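Colleague: before I ask anything, here's the sequence and the deposited coordinates:
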Amino acid sequence: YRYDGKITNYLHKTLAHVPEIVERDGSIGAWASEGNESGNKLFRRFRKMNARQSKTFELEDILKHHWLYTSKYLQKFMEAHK
DNA sequence: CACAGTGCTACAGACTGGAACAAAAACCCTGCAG
């Protein structure tokens, strides 16, 4: 009664092409939007605490500081070999 | 005349060196004193 002439784009996509995708790639959730999307959170705390802050400069500094946050070289120091 | 900042800038402040001055510290000394 609810699916006669209408289906959500996703119920279709997830009931149809997934086997083909994971045959093609072998992974989906690894390619998920999360890495981008989640990241937005950081952007917000970078537009507040580490911003310049005036319209001209601040994008530069959010960007720079973001790049530093996400570098490996820094993160290696976290465990500090345990 | 809200206030803790907001990073990167600005160049203010922190440094040497010999050449020599001066003052002061705390000894030794000699001076003039009972």
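Modeller: Looks like it came in fine. Residues are numbered from 1 along each chain as shown, chains lettered A, B, ... in the order given.
Colleague: is residue A:56 within a helix or a strand, and which one?
Modeller: Counting by DSSP states H and E, no helix or strand carries residue A:56.
Colleague: typed the wrong thing, it's residue A:35
Modeller: helix A:34-37.
Colleague: what sits up against that helix?
Modeller: Residues outside helix A:34-37 that contact it (Cβ atoms under 8 Å, 6 or more residues apart in numbering): none are found. Backbone N, C-alpha and C define where each C-beta goes, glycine included.
Colleague: just the buried positions in it, please.
Modeller: Buried residues in helix A:34-37, counting neighbours by 16 or more other Cβ atoms under 10 Å, are absent.
Colleague: can you check stretch A:54-63 too?
Modeller: residue A:62.
Colleague: alpha carbons of that stretch, as PDB, please.
Modeller: Extracted in PDB, the C-alpha atoms of stretch A:54-63 (Å, rounded to 0.1, in the frame of the first residue of the first chain):
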ATOM      1  CA  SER A  54      38.100  38.700  10.600                       C
ATOM      2  CA  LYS A  55      36.600  37.800   7.200                       C
ATOM      3  CA  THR A  56      39.800  38.400   5.200                       C
ATOM      4  CA  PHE A  57      42.300  36.300   7.200                       C
ATOM      5  CA  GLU A  58      40.400  33.600   9.100                       C
ATOM      6  CA  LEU A  59      39.800  31.000   6.300                       C
ATOM      7  CA  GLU A  60      43.500  30.900   5.800                       C
ATOM      8  CA  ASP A  61      44.100  30.100   9.500                       C
ATOM      9  CA  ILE A  62      41.200  27.600   9.900                       C
ATOM     10  CA  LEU A  63      42.600  25.900   6.800                       C
END
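Colleague: any part of it near DNA strand B?
Modeller: Yes: Stretch A:54-63 reaches DNA strand B (Cβ under 7 Å from any atom of the strand) through A:57, A:61.
Colleague: who's in contact with that stretch?
Modeller: Taking Cβ under 8 Å, 6+ apart as the rule, stretch A:54-63 contacts A:43, A:46-47, A:50-52.
Colleague: now with 10 Å?
Modeller: Stretch A:54-63 is contacted from outside by A:42-48, A:50-53, using Cβ atoms under 10 Å, 6 or more residues apart in numbering.
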